[PDB]
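Data first, discussion second: the structure below is written as structure tokens.
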Amino acid sequence: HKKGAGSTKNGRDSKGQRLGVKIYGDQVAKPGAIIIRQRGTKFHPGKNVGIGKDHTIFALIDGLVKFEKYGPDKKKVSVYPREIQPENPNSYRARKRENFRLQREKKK
Amino acid sequence: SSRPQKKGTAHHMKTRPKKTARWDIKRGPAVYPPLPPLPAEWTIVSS
Amino acid sequence: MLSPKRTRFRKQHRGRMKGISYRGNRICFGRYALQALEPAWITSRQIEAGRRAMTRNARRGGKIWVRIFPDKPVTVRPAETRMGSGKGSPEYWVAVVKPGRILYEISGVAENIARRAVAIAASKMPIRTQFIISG
RNA sequence: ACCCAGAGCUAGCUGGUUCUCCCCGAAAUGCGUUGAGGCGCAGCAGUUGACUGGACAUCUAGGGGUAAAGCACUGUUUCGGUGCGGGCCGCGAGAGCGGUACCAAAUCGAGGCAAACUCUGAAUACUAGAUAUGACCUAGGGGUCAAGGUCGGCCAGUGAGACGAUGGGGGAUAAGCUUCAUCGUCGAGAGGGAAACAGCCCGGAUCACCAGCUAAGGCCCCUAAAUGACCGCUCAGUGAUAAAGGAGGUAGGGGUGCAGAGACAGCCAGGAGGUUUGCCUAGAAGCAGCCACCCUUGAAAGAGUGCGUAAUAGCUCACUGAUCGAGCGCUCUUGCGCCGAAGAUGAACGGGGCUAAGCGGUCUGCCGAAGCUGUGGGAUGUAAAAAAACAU
RNA sequence: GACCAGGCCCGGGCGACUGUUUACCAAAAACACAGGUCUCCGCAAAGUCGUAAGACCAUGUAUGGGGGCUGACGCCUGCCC
RNA sequence: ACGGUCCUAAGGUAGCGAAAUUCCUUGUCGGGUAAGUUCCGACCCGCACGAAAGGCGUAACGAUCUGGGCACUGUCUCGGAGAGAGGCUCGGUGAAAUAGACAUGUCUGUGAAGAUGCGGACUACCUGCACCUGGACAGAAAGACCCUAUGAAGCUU
RNA sequence: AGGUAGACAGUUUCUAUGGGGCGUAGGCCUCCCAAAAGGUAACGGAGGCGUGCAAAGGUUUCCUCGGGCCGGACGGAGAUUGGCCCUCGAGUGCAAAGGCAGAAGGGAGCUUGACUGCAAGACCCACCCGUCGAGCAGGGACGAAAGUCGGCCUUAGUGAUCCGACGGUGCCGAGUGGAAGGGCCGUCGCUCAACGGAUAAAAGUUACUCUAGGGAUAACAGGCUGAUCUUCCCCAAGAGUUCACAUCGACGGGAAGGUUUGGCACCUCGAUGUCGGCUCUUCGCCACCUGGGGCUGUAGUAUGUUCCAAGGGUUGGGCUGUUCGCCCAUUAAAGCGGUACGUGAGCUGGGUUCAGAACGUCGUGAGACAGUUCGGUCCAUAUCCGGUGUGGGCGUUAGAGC
RNA sequence: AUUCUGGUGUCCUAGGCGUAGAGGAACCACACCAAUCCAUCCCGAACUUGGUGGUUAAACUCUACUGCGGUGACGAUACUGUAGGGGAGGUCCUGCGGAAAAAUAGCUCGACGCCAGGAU
């Protein structure tokens with residue numbers, strides 16, 4: 001009734017190395033910000049963009065990230081600064097942060 | 001046999017009382033005409 | 001015993017049997033066919049035993065075809081043994097059949113006899129099958 | 001050995017740790033550990049400073065390879081057609097070769113499968129940016145409140161989790177089994193429904209009222225409320241408890257075969273000569289197994305669906321006349337029932353009991369919680385103090 | 001004639017035998033035993049106990065003294081350094 | 001019995017052998033009994049006897065183990081009767097372990113999965129004394145098994 | 001001063017674990033599980049690493065592989081040489097995944113950036129650690145130049161701290177000058193592999209044992225589960241002279257039961273006594289006999305099969321601790337189960353869990369072995385419920401005896 | 001301002017092949033020779049140098065067809081966010097919201113920018 005249990009020859013792994021897209025498409029970046037840790041060139045380097053020893057793709061300039069279409073079934077990544085970025089005190093966020101600030105000041 | 005049976009909260013899952021009949025699920029409270037305005041309760045005028 | 005020939009990997013998962021079988025609905029060879037309704041894990045012993053019993057009632061002529069081939073393995077662990085300590089060896093191979101799938105096809109006998117035959121072949125199997133004529 | 005002393009030895013171990021009210025309120029996870037029932041740091045509490053704006057809601061943009069689907073790749077696979085190459089036999093026995101009851105590469109056509117396959121590719125989720133004024137005052141002014149994070153100081157517990165839903169793994173797609181992922185409840189949560197019943201359903205207990213409305217669930221009596229209504233269904237005590245299979249039980253629907261030039265079921269009728277038929281000559285003779293599955297005589301008959309024989313003989317059923325005189329025969333589909341259904345102190349739907357007081361569908365009343373409403377009282381916080389609210 | 005006062009036989013295992021032993025669960029097949037063998041020791045002996053002095057051995061000296069194993073008696077006791 | 005070949009320091013001689021050794025196993029054969037998993041003798045497939053941790057025999061001896069017979073009987077078939085010492089009743093003296101509180105039924109259901117206490121039924125005047133032990137997971141000893149503690153202590157190389 | 005006795009002493013002798021032990025594993029990299037961000041467990045499924053290269057690096061220029069088909073000496077399915085056709089299925093030092101076209105793949109020329117001084121900024125996270133890096137400074141490489149180079153197509157090839165060691169260096173140097181000794185920069189010394197490393201240095205046994213704890217954790221019992229067991233049923237190939245269905249029923253399918261052997265670890269470790277026997281029960285039916293039936297391949301007798309039925313009954317011995325089993329003599333028959341494998345505050349103690357002793361075996365040894373043998377202390381005055389008996393009170397409506 | 005040929009991109013298979021035709025006035029390519037510059041792991045095949053006497057055949061450029069290749073709906077269906085329900089048999093059903101892949105209709109034989117040179 002009490003038979004022996006056979007050992008395995010498995011049970012080894014490496015904890016997920018945390019690759020993938022760090023800075024997404026149409027998003028803020030920096031000079032030096034790592035955009036993608038990819039194991040090979042899944043995405044390819046575009047304009048304004050360095051490519052490192054590990055095929056790590058990082059931005060050289062400010063601006064928003066762009067994942068372009070390369071030609072025959074591949075992907076690029078370029079970075080573009082943005083011209084004018086308007087802010088209106090009309091809006092809800094602007095209204096509410098000024099309301100909050102004014103409450104803070106009013107209390108103390 | 002090989003029909004494992006319902007026990008613990010698994011009994012309570014199965015045999016809970018529940019309506020599950022479209023007409024009985026609707027219904028809700030009964031509607032009425034609200035009411036004309038009523039007077040105070042205990043007006044004073046004294047001492 | 002319709003066993004697969006040297007597959008990729010030894011042991012594999014159970015998954016489950018959601019959905020209706022869409023593809024193996026059509027009939028190719030036969031004019032009459034046995035079709036499944038409930039999903040099950042059909043061993044090769046059940047297939048072979050259905051095929052034999054269906055063949056026995058062909059008699060004078062008319063050809064029979066099988067349209068389900070097991071592929072998936074199943075392991076029972078070493079009998080009377082505690083939990084854990086790896087998987088077991090695969091005992092037998094099974095066909096994952098879903099609802100509305102062809103199991104056996106047959107052509108070239110009188111509709112009298114085919115229907116009689118598939119009753120036996122239904123009786124050998126673990127599921128509520130049904131008879132279907134189309135081709 | 002005992003006695004005294006070091007000595008209140010140490011004990012990550014067990015037990016125990018005493019008055020009251022108010023405010024907030026966890027965790028049972030990750031990481032490391034001579035560590036696994038301990039400890040450290042993170043995560044999640046309290047408290048007190050600093051920095052700002054989010055939160056919930058809707059709408060865009062991003063990269064995904066999962067469910068799905070597919071066979072172009074990687075494997076796997078069945079059948080057919082083309083068929084290199086292989087199996088076996090035949091020759092004037094060392095040059096030479098031809099047959100071939102035959103297994104079959106590779107492509108083509110049809111047809112499947114795949115956690116570790118993808119020419120494809122959802123929903124959610126994740127990241128980012130956008131837009132919207134939550135409750136109380138005469139479309140704003142000025143008001144009152146509630147409403148989320150980041151950083152840091154001081155100072156905790158936790159680090160045994162459990163069940164349920166889903167996605168999976170292990171197991172025997174056994175376990176009130178085990179292990180992860182996302183969420184609910186318990187844990188730390190009273191009350192009502194579930195007979196009793198942590199974990200299911202409803203709902204979050206500041207306190208008082210011999211007021212009211214309702215949620216979940218119910219309205220024959222035990223025991224609050226309809227022995228309410230109208231239309232269907234069951235005949236089983238089903239209504240409490242399980243399958244393969246069995247079936248002129250009963251009710252409805254559609255489709256399908258004949259039928260007062262008369263069907264169906266009963267009822268005396270007919271149901272033939274070569275057929276000892278060729279066949280392995282022991283016999284298969286309408287009926288072991290073979291094929292052929294004749295055509296005549298005809299109101300009709302198959303060289304035969306079954307019984308009966310060593311084989312014949314013989315008995316039927318197919319069909320057709322005749323008697324007879326009105327709706328009947330064979331499938332499909334459901335709805336609700338029956339059998340299948342057998343255990344050990346004694347009945348077990350909660351009990352009585354019920355032909356509805358059960359099931360299905362619809363319509364309206366009512367009951368029903370510590371939920372909400374009303375009427376009063378307390379304490380917090382919004383500042384400091386009182387009144388005044390708003391929230392708690 | 002009361003009290004008092006052997007039951008006997010046949011076959012096997014283990015140990016020869018009387019003996020000793022777990023006070024308060026074990027009395028035996030366990031220990032001891034006569035007998036056997038090996039090895040040490042020449043006397044200021046080996047051995048033992050002591051820091052030492054010295055004590056036992058022994059007021060004995062190889063037919064004696066210490067230690068290992070076996071266990072009357074009979075027949076035996078092989079191969080391997 | 002007879003040979004071939006490998007390894008090893010060497011491959012068990014005499015004797016004994018299913019035994020205080022024997023797993024398979026109640027080995028098989030014969031004896032003993034109406035019937036014998038124990039017993040006696042033989043076989044040898046000695047899992048894993050063996051020559052001074054001696055081998056094999058042996059008259060005697062044993063509160064030794066283990067089989068069989070005769071005699072004997074309440075050991076038993078299968079109980080029965082009687083005598084004492086208690087038990088029982090009366091008077092005198094007078095403990096104990098135990099004890100959350102106890103107004104302390106049966107059935108089935110429920111629940112930390114085995115209920116006098118929770119649900120439904122059933123049964124049941126209140127209270128002594130004699131007898132009986134099924135339950136109170138009855139009492140007794142912070143399990144002596146099992147595992148844990150970077151516990152303790154003996155003993156070994 | 002060197003050797004040399006567990007004779008004697010102090011210690012050490014890991015953790016995980018679907019109870020422990022026996023095994024297996026312990027660090028790092030790739031894939032899956034993983035649920036289309038990342039992350040993610042199991043004694044889940046699959047493999048690798050503990051390097052290699054002076055060029056397989058750097059740069060400058062040049063090249064397009066692999067597999068088939070057809071022709072061609074030896075030469076064939078395949079070496080070399082030409083043409084054709086899909087074109088990236090090849091290769092990429094080494095496992096996998098992601099990548100790589102005139103390429104990151106293959107060849108050649110020249111060389112050493114496999115360099116010093118750094119570094120805005122991000123990723124990854126408990127900490128320790130790890131990773132990418134625009135650009136500047138110097139001094140070079142290669143090219144005509146623009147430019148590219150601080151190792152490798154990328155992800156494994158690795159260990160902290162203390163300490164010591166070698167090369168560099170007025171930085172200190174205990175009165176002051178030196179020196180001894182430190183510091184500073186560059187570097188070397190771990191299968192510290194139990195790989196976040198307790199020490200420079202450590203194994204066993206206890207049935208002679210003890211303490212602190214645990215139902216967080218096994219053995220007995222219950223519970224869940226029902227794989228195995230027990231009992232039924234569907235199918236029907238076939239056996240039965242003929243005929244599946246008198247009697248059996250292959251290949252297969254579906255159930256119940258909770259008596260076996262398991263799985264789980266939910267109550268109980270501040271104790272619920274483990275087998276068998278005696279005594280005394282009771283209950284279930286899946287019926288051994290006794291009552292009453294259908295079918296029979298039922299002439300009768302005697303059966304076989306199966307339906308109803310659980311009222312009653314279901315011997316005495318030999319052997320074994322045994323339940324079980326075999327055998328002798330019987331008999332209407334010698335049923336099978338539940339009740340903590342009924343019943344130890346009712347009994348027994350033969351078996352099994354203490355200390356002694358022995359045999360075989362394993363162990364260098366102490367000791368060990370569901371291997372064997374002989375010997376080995378079984379408590380209790382009944383509070384309550386419950387039972388068998390038997391009184392007393394009261395009740396029963398005025399009180400009594402029959 | 002428009003259209004060609006030669007160079008450069010955006011845009012990458014609605015843009016690629018096949019089939020059929022057409023272009024040498026220019027531009028572009030094939031044929032002549034090679035002391036030398038320079039070269040062949042051999043060879044002026046290629047690189048390079050010097051010349052021109054042929055040609056639109058190959059390539060390249062341009063116009064057509066859908067034969068392939070490619071792209072590809074609507075509708076449904078699978079699947080799934082969320083709120084419920086049925087089954088003990090292991091999955092199914094409903095409301096509310098999102099919505100494939102495949103298949104087919106059909107769509108495609110490029111578009112568009114700048115510069116150099118030629119022509120109207």
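Just so we're on the same page: first chain in the structure tokens is A, next is B, and so on; residues restart at 1 for each chain, and ligands are numbered from 1 in the order they show up.
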Cut-off 10 Å: closest chain G/chain C atom pairs per residue, using only C-alpha atoms (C1' of nucleotides), as CSV:
residue,atom,partner,partner_atom,distance
G:18,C1',C:83,CA,5.9
G:24,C1',C:85,CA,9.1
G:33,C1',C:13,CA,9.3
G:42,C1',C:84,CA,8.3
G:43,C1',C:85,CA,4.3
G:44,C1',C:86,CA,7.0
G:45,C1',C:11,CA,7.3
G:46,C1',C:9,CA,8.4
G:227,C1',C:80,CA,8.1
G:228,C1',C:80,CA,8.6
G:234,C1',C:123,CA,7.6
G:235,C1',C:123,CA,5.2
G:236,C1',C:120,CA,7.4
G:237,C1',C:53,CA,7.4
G:251,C1',C:49,CA,5.7
G:252,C1',C:124,CA,4.9
G:253,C1',C:126,CA,5.5
G:254,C1',C:126,CA,8.4
G:261,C1',C:80,CA,8.6
G:262,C1',C:80,CA,5.6
G:263,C1',C:82,CA,6.7
G:264,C1',C:83,CA,9.2
Would you please give, as a JSON list (two decimals) with N, CA, C and O atoms, in the first residue's frame, all residues of stretch 15-46 of chain A that DSSP assigns to strand (DSSP E) based on the backbone?
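Below is the file that was written, selection_17.json:
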[["chain", "number", "residue", "atom", "x", "y", "z"],
["A", 20, "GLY", "N", 10.42, 44.39, -22.40],
["A", 20, "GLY", "CA", 9.22, 45.01, -22.97],
["A", 20, "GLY", "C", 9.23, 46.52, -23.00],
["A", 20, "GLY", "O", 10.26, 47.16, -22.73],
["A", 21, "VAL", "N", 8.07, 47.09, -23.31],
["A", 21, "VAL", "CA", 7.93, 48.50, -23.65],
["A", 21, "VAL", "C", 7.77, 49.35, -22.41],
["A", 21, "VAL", "O", 6.71, 49.36, -21.78],
["A", 34, "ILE", "N", 15.04, 55.08, -21.33],
["A", 34, "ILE", "CA", 14.94, 53.77, -21.98],
["A", 34, "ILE", "C", 13.52, 53.49, -22.43],
["A", 34, "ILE", "O", 12.62, 53.41, -21.59],
["A", 35, "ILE", "N", 13.34, 53.31, -23.74],
["A", 35, "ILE", "CA", 12.01, 53.12, -24.33],
["A", 35, "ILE", "C", 11.64, 51.64, -24.35],
["A", 35, "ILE", "O", 10.50, 51.28, -23.99],
["A", 36, "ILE", "N", 12.58, 50.80, -24.78],
["A", 36, "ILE", "CA", 12.35, 49.35, -24.91],
["A", 36, "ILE", "C", 13.55, 48.51, -24.50],
["A", 36, "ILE", "O", 14.66, 48.70, -25.00],
["A", 37, "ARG", "N", 13.31, 47.56, -23.59],
["A", 37, "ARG", "CA", 14.23, 46.46, -23.35],
["A", 37, "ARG", "C", 13.70, 45.27, -24.12],
["A", 37, "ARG", "O", 12.75, 44.62, -23.69],
["A", 43, "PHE", "N", 11.40, 45.61, -32.30],
["A", 43, "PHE", "CA", 11.30, 46.96, -32.83],
["A", 43, "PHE", "C", 12.71, 47.37, -33.27],
["A", 43, "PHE", "O", 13.70, 46.86, -32.73],
["A", 44, "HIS", "N", 12.78, 48.25, -34.25],
["A", 44, "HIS", "CA", 14.04, 48.72, -34.83],
["A", 44, "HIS", "C", 14.22, 50.19, -34.49],
["A", 44, "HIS", "O", 13.25, 50.87, -34.16],
["A", 45, "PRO", "N", 15.48, 50.68, -34.55],
["A", 45, "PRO", "CA", 15.74, 52.07, -34.22],
["A", 45, "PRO", "C", 15.34, 53.03, -35.34],
["A", 45, "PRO", "O", 15.68, 52.78, -36.50]]
Spatial neighbours of stretch 149-166 of chain G, 6 Å, only C-alpha atoms (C1' of nucleotides), chain gap at least 2 places, as a PDB file with C-alpha atoms (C1' of nucleotides), in the first residue's frame:
ATOM      1  CA  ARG A  39      15.844  40.660 -26.438  1.00  0.00           C
ATOM      2  CA  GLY A  40      16.491  41.016 -30.186  1.00  0.00           C
ATOM      3  CA  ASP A  54      21.566  45.051 -25.835  1.00  0.00           C
TER       4      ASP A  54
ATOM      5  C1'   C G  29      20.220  31.185 -18.228  1.00  0.00           C
ATOM      6  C1'   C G  49      25.599  27.067 -17.590  1.00  0.00           C
ATOM      7  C1'   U G  51      32.819  28.909 -21.046  1.00  0.00           C
ATOM      8  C1'   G G  57      37.525  41.443 -31.437  1.00  0.00           C
ATOM      9  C1'   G G  58      37.928  46.755 -34.090  1.00  0.00           C
ATOM     10  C1'   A G 104      24.458  40.404 -36.920  1.00  0.00           C
ATOM     11  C1'   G G 113      38.644  51.105 -28.496  1.00  0.00           C
ATOM     12  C1'   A G 114      39.488  43.571 -25.067  1.00  0.00           C
TER      13        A G 114
END
Quiz item: Could you name the residues that touch residue G:196 at 12 Å or less, counting only C-alpha atoms (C1' of nucleotides), but leaving out those on the same chain fewer than 5 positions away, as a PyMOL selection string?
Solution: (chain D and resi 31-33) or (chain G and resi 27+127-129+159-161)
Would you list the contacts of stretch 274-291 of chain D as a PDB file with N, CA and C atoms (P, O5', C5', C4', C3', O3' and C1' of nucleotides), in the first residue's frame, taking every protein, DNA or RNA residue within 8 Å and counting only C-alpha atoms (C1' of nucleotides), but skipping same-chain residues closer than 4 positions in sequence?
ATOM      1  P     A D 303     -39.164 -11.871 -57.298  1.00  0.00           P
ATOM      2  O5'   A D 303     -38.923 -13.338 -56.726  1.00  0.00           O
ATOM      3  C5'   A D 303     -37.616 -13.768 -56.295  1.00  0.00           C
ATOM      4  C4'   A D 303     -37.678 -15.187 -55.779  1.00  0.00           C
ATOM      5  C3'   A D 303     -36.412 -15.704 -55.104  1.00  0.00           C
ATOM      6  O3'   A D 303     -36.351 -15.332 -53.735  1.00  0.00           O
ATOM      7  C1'   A D 303     -37.247 -17.323 -56.641  1.00  0.00           C
ATOM      8  P     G D 304     -34.952 -15.355 -52.960  1.00  0.00           P
ATOM      9  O5'   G D 304     -35.304 -14.646 -51.579  1.00  0.00           O
ATOM     10  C5'   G D 304     -35.770 -13.282 -51.545  1.00  0.00           C
ATOM     11  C4'   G D 304     -36.838 -13.112 -50.490  1.00  0.00           C
ATOM     12  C3'   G D 304     -36.541 -13.744 -49.131  1.00  0.00           C
ATOM     13  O3'   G D 304     -36.787 -12.838 -48.057  1.00  0.00           O
ATOM     14  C1'   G D 304     -38.646 -14.489 -49.929  1.00  0.00           C
ATOM     15  P     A D 310     -33.640 -32.584 -38.409  1.00  0.00           P
ATOM     16  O5'   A D 310     -32.650 -32.160 -39.584  1.00  0.00           O
ATOM     17  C5'   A D 310     -31.285 -31.787 -39.312  1.00  0.00           C
ATOM     18  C4'   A D 310     -30.384 -32.225 -40.443  1.00  0.00           C
ATOM     19  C3'   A D 310     -30.747 -31.711 -41.834  1.00  0.00           C
ATOM     20  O3'   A D 310     -30.174 -30.423 -42.062  1.00  0.00           O
ATOM     21  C1'   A D 310     -30.153 -34.035 -41.904  1.00  0.00           C
ATOM     22  P     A D 311     -31.102 -29.114 -42.168  1.00  0.00           P
ATOM     23  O5'   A D 311     -31.740 -29.240 -43.624  1.00  0.00           O
ATOM     24  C5'   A D 311     -31.097 -28.671 -44.781  1.00  0.00           C
ATOM     25  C4'   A D 311     -31.556 -29.364 -46.043  1.00  0.00           C
ATOM     26  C3'   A D 311     -32.989 -29.076 -46.479  1.00  0.00           C
ATOM     27  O3'   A D 311     -33.106 -27.830 -47.162  1.00  0.00           O
ATOM     28  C1'   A D 311     -32.559 -31.400 -46.643  1.00  0.00           C
ATOM     29  P     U D 312     -34.519 -27.068 -47.218  1.00  0.00           P
ATOM     30  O5'   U D 312     -35.441 -28.078 -48.040  1.00  0.00           O
ATOM     31  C5'   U D 312     -36.621 -28.670 -47.455  1.00  0.00           C
ATOM     32  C4'   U D 312     -37.155 -29.787 -48.327  1.00  0.00           C
ATOM     33  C3'   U D 312     -38.670 -29.833 -48.472  1.00  0.00           C
ATOM     34  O3'   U D 312     -39.181 -28.970 -49.487  1.00  0.00           O
ATOM     35  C1'   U D 312     -37.883 -31.983 -47.889  1.00  0.00           C
TER      36        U D 312
END
Exercise. Would you list the contacts of stretch 6-10 of chain B as a list in words, taking every protein, DNA or RNA residue within 9 Å and counting only C-alpha atoms (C1' of nucleotides), but skipping same-chain residues closer than 3 positions in sequence?
Key: residues 13, 14 and 15 of chain B; 163, 164, 176, 197, 199 and 200 of chain D
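Near chain D, the residues of chain A that fall inside 10 Å (using only C-alpha atoms (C1' of nucleotides)) are residues 20, 21, 22, 23, 24, 25, 26, 27, 28, 65, 66, 67, 91, 92, 93, 95, 96, 97, 98, 100, 101 and 107 of chain A.
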Self-check item: At most 8 Å to chain H: residues in chain A, only C-alpha atoms (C1' of nucleotides), as a VMD selection string
Solution: chain A and resid 70 to 72
Quiz item: atom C1' of residue G:231 to atom CA of residue B:2: how many Å, to one decimal?
Solution: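 Here the two named atoms are 15.0 Å from each other.
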Quiz prompt | Expected answer as number ranges by chain: chain H residues within 10 Å of chain C, only C-alpha atoms (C1' of nucleotides) | solution = H: 78-79, 90-92
Selected residues written out, N, CA, C and O atoms (P, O5', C5', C4', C3', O3' and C1' of nucleotides), as a PDB file, in the first residue's frame:
ATOM      1  P     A H  78     -22.313  31.972 -31.368  1.00  0.00           P
ATOM      2  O5'   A H  78     -20.767  31.642 -31.181  1.00  0.00           O
ATOM      3  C5'   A H  78     -20.263  30.317 -31.412  1.00  0.00           C
ATOM      4  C4'   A H  78     -18.763  30.349 -31.540  1.00  0.00           C
ATOM      5  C3'   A H  78     -17.999  30.783 -30.294  1.00  0.00           C
ATOM      6  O3'   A H  78     -17.857  29.738 -29.330  1.00  0.00           O
ATOM      7  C1'   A H  78     -17.145  31.925 -32.184  1.00  0.00           C
ATOM      8  P     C H  79     -18.148  30.022 -27.769  1.00  0.00           P
ATOM      9  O5'   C H  79     -17.122  31.190 -27.409  1.00  0.00           O
ATOM     10  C5'   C H  79     -15.698  30.976 -27.474  1.00  0.00           C
ATOM     11  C4'   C H  79     -14.938  32.280 -27.349  1.00  0.00           C
ATOM     12  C3'   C H  79     -15.207  33.112 -26.107  1.00  0.00           C
ATOM     13  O3'   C H  79     -14.457  32.626 -24.996  1.00  0.00           O
ATOM     14  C1'   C H  79     -15.211  34.518 -28.006  1.00  0.00           C
ATOM     15  P     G H  90     -21.536  16.882 -18.664  1.00  0.00           P
ATOM     16  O5'   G H  90     -20.109  16.319 -18.213  1.00  0.00           O
ATOM     17  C5'   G H  90     -18.833  16.883 -18.619  1.00  0.00           C
ATOM     18  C4'   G H  90     -18.548  18.146 -17.839  1.00  0.00           C
ATOM     19  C3'   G H  90     -17.166  18.778 -17.917  1.00  0.00           C
ATOM     20  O3'   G H  90     -16.888  19.512 -19.100  1.00  0.00           O
ATOM     21  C1'   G H  90     -18.159  19.084 -15.771  1.00  0.00           C
ATOM     22  P     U H  91     -15.553  20.412 -19.222  1.00  0.00           P
ATOM     23  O5'   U H  91     -15.914  21.370 -20.443  1.00  0.00           O
ATOM     24  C5'   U H  91     -16.752  22.536 -20.274  1.00  0.00           C
ATOM     25  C4'   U H  91     -18.225  22.184 -20.342  1.00  0.00           C
ATOM     26  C3'   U H  91     -19.129  23.316 -20.802  1.00  0.00           C
ATOM     27  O3'   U H  91     -19.190  23.395 -22.220  1.00  0.00           O
ATOM     28  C1'   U H  91     -20.027  22.349 -18.840  1.00  0.00           C
ATOM     29  P     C H  92     -19.523  24.789 -22.926  1.00  0.00           P
ATOM     30  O5'   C H  92     -21.065  25.002 -22.592  1.00  0.00           O
ATOM     31  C5'   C H  92     -22.061  24.222 -23.274  1.00  0.00           C
ATOM     32  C4'   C H  92     -23.403  24.353 -22.600  1.00  0.00           C
ATOM     33  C3'   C H  92     -24.094  25.699 -22.710  1.00  0.00           C
ATOM     34  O3'   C H  92     -24.643  25.941 -24.003  1.00  0.00           O
ATOM     35  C1'   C H  92     -24.318  24.896 -20.510  1.00  0.00           C
TER      36        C H  92
END
Self-check item: Residue list for chain G near chain B as a ChimeraX atom specification, 9 Å, only C-alpha atoms (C1' of nucleotides)
Solution: /G:225-226,255-257
Self-check item: Point-to-point distance in Å for atom CA of residue B:20 and atom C1' of residue F:109
Solution: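 A separation of 28.2 Å between them.
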Self-check item: All residues 10 Å or closer to stretch 48-63 of chain F, only C-alpha atoms (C1' of nucleotides), same chain fewer than 6 positions away omitted, as a list in words
Solution: residues 15, 16, 17, 18, 27, 36, 37, 69, 70, 71, 73, 74, 75, 76, 77 and 78 of chain E; 12, 13, 14, 15, 16, 17, 19, 21, 22 and 23 of chain F; 360 and 361 of chain G
Interface rows for chain A against chain C: nearest pair, Å to one decimal, 10 Å, only C-alpha atoms, as a tab-separated table:
residue	atom	partner	partner_atom	distance
A:1	CA	C:80	CA	6.0
A:2	CA	C:81	CA	6.5
A:3	CA	C:81	CA	5.6
A:4	CA	C:81	CA	7.0
A:5	CA	C:85	CA	5.9
A:6	CA	C:85	CA	5.9
A:7	CA	C:85	CA	5.4
A:8	CA	C:86	CA	5.3
A:9	CA	C:86	CA	8.6
A:10	CA	C:86	CA	8.6
A:11	CA	C:86	CA	9.8
Self-check item: Interatomic distance (Å, one decimal) between atom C1' of residue G:220 and atom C1' of residue F:140
Solution: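 One can read the atom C1' of residue G:220 to atom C1' of residue F:140 distance as 21.5 Å.
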Exercise. Dump as a ChimeraX atom specification the residues of chain F that approach chain B to within 12 Å, counting only C-alpha atoms (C1' of nucleotides).
Key: /F:110-111,113
Quiz prompt | Expected answer as a list in words: chain D residues within 9 Å of chain B, only C-alpha atoms (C1' of nucleotides) | solution =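 Interface list for chain D against chain B: residues 163, 164, 174, 175, 176, 193, 194, 197, 199, 200, 201, 213, 214, 216, 217, 242, 361, 362, 363, 364 and 365 of chain D.
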